[PDB]
Structure formats: structure tokens, C-alpha cells
Ligand SMILES: N[C@@H](Cc1ccc(O)cc1)C(=O)O
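Numbering (the UniProt record's numbering), first residue to last: 11 to 217, 224 to 325.
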């Protein structure tokens with residue numbers, strides 16, 4: 011039949027995707043069966059666009075702000091690493107054109123203002139990081155990529171520059187109770203490793225250790241609650257869209273975790289890391305770990321984009 015043509019296009023996309031899967035890396039897992047599970051998960055969602063002959067669309071919540079711990083990151087400004095990440099994502103969507111001419115698009119949805127209170131990063135700073143990452147797209151000429159923001163939603167606070175209200179509304183209409191968040195996370199090793207990892211980044215950013229520890233553990237459920245709010249917001253705004261995630265996801269999840277640079281850390285993101293030229297291949301590493309490597313910093317446009325080794 012003709013499903014043979016359609017099934018062949020959808021699989022090539024899924025296979026390209028899988029090459030950049032972000033996952034909890036654990037050898038006891040039969041990777042083969044994980045993928046066989048994901049085939050069933052995403053192939054139908056992909057074939058939706060193909061049957062319609064519509065360009066395939068992805069949503070990805072990412073790039074909310076640069077981590078304020080200069081132990082991890084070079085600067086508040088977006089660094090080369092997102093540049094390299096942004097440039098990767100856009101070319102991913104051009105490749106698909108080589109099979110499937112409508113192509114693909116990715117709506118990067120910024121989550122910077124949603125949890126901005128709990129990160130101790132100014133709403134002023136956040137807004138500039140956003141404006142800059144829009145800036146990068148045009149410098150990059152990354153057409154297949156566009157941006158989605160809290161301000162865009164009609165249902166969100168009218169106009170802008172009342173984030174505290176915007177956050178309240180978002181929590182009201184789309185969030186869940188931190189009590190229900192803590193309960194849901196415990197069930198899985200999946201949910202457990204989110205909790206732990208979210209807290210480790212919150213603690214690492216904030217440098224009384226027992227105080228700061230219980231503190232990061234509470235902010236974690238907070239930040240996670242805000243993120244799933246933004247998640248249900250997009251979950252309704254772009255329902256049939258394929259759902260990319262910046263975090264490792266289970267093979268059963270609707271969300272498909274994805275990487276954008278080489279790194280041995282599953283959870284590192286461009287905002288938490290600097291870019292390193294090591295063996296003539298860029299890698300996402302932490303600013304501290306790379307200085308102990310005797311890396312030399314290189315500056316472009318009067319700002320420090322990356323280190324070299
Ligand atoms: N979303 C980040 C958490 C984070 C985001 C922005 C920050 O400035 C700091 C922490 C993560 O993957 O862990």
C-alpha cells in the first residue's frame with residue numbers, strides 16, 4: 011500500500027532523533043527494547059504531520075537564563091555553547107527537508123520568567139537573556155526555529171512587566187500542588203532522579225550547608241511545579257506538536273529528551289555550562305572543571321564565548 015511510503019519517511023525522522031537521545035545512562039537497560047518502545051510512542055505523532063503534508067513541529071522548553079554561579083558559567087550573556095546548540099537545532103530541521111520537503115520547525119519556549127523568583131535571577135536579567143537569544147537566531151539565520159514566551163498567551167497577564175502576576179496566573183490555571191508534585195516524583199526512579207538533579211543544580215548555583229540543603233530541596237519542588245505549569249500551558253497551546261525536552265525522559269514518556277552538544281553529563285545545559293575546544297571538538301563543560309584543565313579563554317565581540325584546550 012502507500013503506508014509504505016509514509017512509514018518510510020516517519021522512521022527516518024525518528025532514527026535521526028534517536029541519535030541525539032538524552033537518557034539516564036545505565037547499562038542494565040536493554041537499549042534495544044527502549045527504542046522499540048519509543049518507535050510506538052512517536053511514530054504516530056510524527057505521521058500526523060506527514061499524512062497532512064504539513065511541516066513537522068517540535069516544542070522545546072529551554073534557555074530560561076544563564077546560571078548565576080560563575081563557578082559553572084562564564085557570564086550572564088548567552089555564550090558560544092547555546093550558539094552551537096542553536097545552530098545544531100536549526101540544521102536538524104533543515105536535514106529533514108532532504109527527505110521530507112516541508113521540513114520541520116522547533117518552537118523554543120523560554121521558561122526564564124516562570125521560575126525567575128526561585129532562581130534569584132532578576133526579571134530584568136532574564137528579559138535580556140531572552141532578547142539576546144532571539145538576537146542569536148538572526149545572527150545565526152536559524153529560520154526553522156522561533157521563540158514562545160509567557161507574554162504571548164492572551165490568557166496570561168495583559169501586556170507585560172508584571173511577571174509576579176504572570177507567575178501567579180500560571181500557577182493558578184495550569185499548576186499542581188507541591189504536595190502532589192512530591193508524591194508523583196517519588197513513585198519512579200525517573201521522578202526520583204529529577205528531584206535529586208534539580209536540587210543539585212539549585213545547590214550548586216547558591217554558592224550554612226544544612227540550611228542551604230533543605231532550602232535547595234524545597235526550591236526544587238518549587239521550580240518543578242512551575243515547569244509543569246509552563247508544560248501544561250504549551251501542552252494545550254501546541255497539542256499535536258512533538259514534544260522535545262531538555263531533561264532525560266523515560267522511553268515511555270510523551271516527552272523526548274534531546275542533547276544539543278557533546279557532554280558526558282546527561283543534565284548539563286548550555287546555560288549551566290561553557291563551550292570547550294578539546295581535541296578539536298567542542299564539548300559542554302562547567303567553567304570550574306575546565307579551568308582546572310588549564311583551559312585558555314577566547315573572547316569574541318568583546319565577550320568571552322569559549323575556552324580552548
Ligand atoms: N532547567 C534547569 C534548571 C536551571 C535553569 C536556569 C538556571 O539559571 C538555573 C537552573 C535544569 O535543567 O536543571
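For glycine and all other residues, C-beta sits at the position ideal for the given N, C-alpha and C.
Practice task
Quick one: using the 10 Å Cβ neighbour count with 16 as the cut-off for buried, is residue 48 buried or exposed?
Solution key: Reading the chain shown from its first residue, position 38 is the one you call residue 48. The residue in question, residue 48, is buried, as its Cβ has 16 or more Cβ neighbours within 10 Å.
Exercise for the section: Taking the CB atoms as reference points, tell me whether residue 135 and residue 86 lie closer together than 8 Å. Expected result: Counted from its first residue, the chain shown places residue 135 at position 125. Counted from its first residue, the chain shown places residue 86 at position 76. Closer than 8 Å, so yes.
Problem - Touching by the beta-carbon criterion (3+ pairs, under 8 Å), the stretch 148-168 and the stretch 198-211 - result: Two segments are said to touch when three or more pairs of C-beta atoms, one from each, lie closer than 8 Å; by this definition the stretch 148-168 does not touch the stretch 198-211.
Problem - Assigned secondary structure, residue 267 (DSSP; H/G/I helix, E/B strand, else coil) - result: Numbered from 1 along the chain shown, position 251 holds the residue referred to as residue 267. DSSP places residue 267 in coil when its eight states are reduced to three.
Exercise for the section: Using 7 Å as the cut-off, classify the Cβ of residue 246 as near or not near the heavy atoms of ligand 1, replying yes or no. Expected result: On the chain shown, position 230 is the one that residue 246 refers to. For ligand 1, not one heavy atom lies less than 7 Å from the Cβ of residue 246.
Problem - Coil, strand or helix - residue 239 by DSSP - result: Position 223 of the chain shown, counted from the start, is the residue given in the question as residue 239. Here residue 239 sits in helix by DSSP.
Exercise for the section: Would you decide whether residue 265 is buried or exposed? Buried here means 16 or more other CB atoms lie within 10 Å of its CB. Expected result: Translated into positions along the chain shown, residue 265 becomes position 249. With at least 16 other beta carbons inside 10 angstroms of its own, residue 265 counts as buried.
Problem - Rounded separation between residue 34 and residue 261 - CA only - result: Your numbering for residue 34 matches position 24 in the chain shown. Your numbering for residue 261 matches position 245 in the chain shown. Looking at the two C-alpha atoms, the distance is approximately 13 Å.
Handout entry: Residues near residue 106 in its chain [Cβ-Cβ closer than 8 Å; skip 5 each side]
Key = Residue mapping note: residue 106 aligns to position 96 of the chain shown, counting from 1. If we look at residue 106 and ignore the five residues flanking it on each side, its Cβ neighbours are 23, 26, 66, 113 and 114.
Problem - Stretch pair the stretch 41-61 + the stretch 75-92: three plus CB contacts closer than 8 Å - result: Flag = no, the stretch 41-61 and the stretch 75-92 do not touch.
Handout entry: Three-state class that DSSP yields for residue 301 in the structure shown
Key = Within the chain shown, the letter at position 285 stands for residue 301. Annotated three-state conformation of residue 301 is strand, per DSSP.
Practice task
Would you check if the distance between the CB atom of residue 221 and the CB atom of residue 325 is smaller than 8 Å?
Solution key: Residue numbering in the chain breaks between 217 and 224, and residue 221 falls inside that break, so it has no position here.
Practice task
Take residue 216 and list the residues in its own chain whose beta-carbon comes closer than 8 Å to its own, dropping the five residues that flank it on each side.
Solution key: Residue numbering aside, residue 216 sits at position 206 when the chain shown is read from its first letter. Close CB contacts of residue 216 within its chain, under the 8 Å cut and outside five residues either way in sequence, are with 79, 130, 228, 231 and 232 (chain order).
Exercise for the section: Check residue 278 in the structure and name its three-state DSSP category. Expected result: Taking the first residue of the chain shown as 1, we reach residue 278 at position 262. Note: residue 278 maps to coil in three-state DSSP.
Exercise for the section: Tell me residue 109's beta-bridge partners as DSSP assigns them. Expected result: Taking the first residue of the chain shown as position 1, residue 109 is located at position 99. None; residue 109 has no bridge partner.
Problem - Residue(s) in a DSSP beta bridge with residue 260 - result: Indexing the chain shown from 1 puts residue 260 at position 244. In DSSP, residue 260 forms a bridge with 272.
Problem - Helix, strand or coil at residue 67 [DSSP, three-state] - result: Taking the chain shown and counting its residues from 1, one reaches residue 67 at position 57. Correct three-state label for residue 67: strand.
Handout entry: Any non-hydrogen atom of ligand 1 closer than 7 Å to residue 263 Cβ
Key = The residue labelled residue 263 in the question sits at position 247 within the chain shown. For ligand 1, at least one heavy atom lies less than 7 Å from the Cβ of residue 263.
Problem - Inter-residue Cα distance where the pair is residue 83 and residue 179 - result: If you number the chain shown from 1, residue 83 lands on position 73. If you number the chain shown from 1, residue 179 lands on position 169. When only Cα atoms are considered, residue 83 and residue 179 end up about 32 Å apart.
Exercise for the section: Reducing DSSP to helix, strand and coil, say where residue 192 ends up. Expected result: The residue labelled residue 192 in the question sits at position 182 within the chain shown. Three-state DSSP puts residue 192 in a helix.
Exercise for the section: Confirm, please, whether the CB-CB distance from residue 253 to residue 173 is below 8 Å. Expected result: Here residue 173 refers to the residue found at position 163 of the chain shown. Here residue 253 refers to the residue found at position 237 of the chain shown. The criterion of a C-beta distance shorter than 8 Å is not satisfied by residue 173 and residue 253.
Exercise for the section: Please state whether DSSP places residue 146 in a helix, a strand or coil. Expected result: Start at 1 with the first residue of the chain shown, and residue 146 comes out as number 136. Reduced to three states, the DSSP call for residue 146 is helix.
Handout entry: Distance, residue 251 Cα to residue 71 Cα
Key = Residue numbering aside, residue 71 sits at position 61 when the chain shown is read from its first letter. Residue numbering aside, residue 251 sits at position 235 when the chain shown is read from its first letter. In this model, residue 71 and residue 251 are separated by some 11 Å (Cα to Cα).
Problem - Reduced DSSP category for residue 288 - H, G, I as helix; E, B as strand; rest coil - result: Position 272 of the chain shown, counted from the first residue, corresponds to residue 288. DSSP places residue 288 in helix when its eight states are reduced to three.
Exercise for the section: Return helix, strand or coil for residue 59, following the three-state DSSP convention. Expected result: Along the chain shown, one-based indexing puts residue 59 at 49. DSSP places residue 59 in helix when its eight states are reduced to three.
Practice task
May I ask whether a heavy atom of ligand 1 can be found less than 7 Å away from the beta carbon of residue 163?
Solution key: As a first step, residue 163 must be located in the chain shown, where it is residue number 153. The answer is no for residue 163.
Problem - Limits of the unbroken beta strand (DSSP E) element including residue 170 - result: What you label residue 170 is simply residue 160 of the chain shown in a count that begins at 1. From DSSP, residue 170 is part of no beta strand (DSSP E); its letter is neither H nor E.
Exercise for the section: Could you check which residue in 249, 148, 305 and 290 has the C-alpha nearest to that of residue 69? Expected result: Taking the first residue of the chain shown as 1, we reach residue 69 at position 59. The shortest C-alpha to C-alpha distance from residue 69 to any of 249, 148, 305 and 290 is the one to 249.
Exercise for the section: For residue 208, verify whether its CB is less than 7 Å away from any heavy atom of ligand 1. Expected result: Here residue 208 corresponds to residue number 198 of the chain shown, with the count starting at 1. With a cut-off of 7 Å, the C-beta of residue 208 is classified as near ligand 1, since at least one heavy atom of the ligand falls inside that distance.
Exercise for the section: With a cut-off of 8 Å on the beta carbons, I'd call residue 204 and residue 240 a contact; round off their distance for me. Expected result: What you label residue 204 is simply residue 194 of the chain shown in a count that begins at 1. What you label residue 240 is simply residue 224 of the chain shown in a count that begins at 1. Right, their Cβ atoms sit about 7 Å apart.
Practice task
Have a look at residue 16 and residue 60 and give me their C-alpha separation to the nearest angstrom.
Solution key: Counted from its first residue, the chain shown places residue 16 at position 6. Counted from its first residue, the chain shown places residue 60 at position 50. For residue 16 and residue 60, the distance between alpha carbons rounds to 7 Å.
Problem - When 145, 165 and 323 are compared against residue 296, the one with the closest alpha-carbon - result: Locating residue 296 in the chain shown gives position 280, counting from the first residue. If we check each option's Cα against that of residue 296, 323 comes out closest.
Practice task
Name, in chain order, the residues that DSSP records as bridge partners for residue 153.
Solution key: Against the chain shown, residue 153 aligns to sequence position 143. Partner(s): none; residue 153 has no beta bridge.
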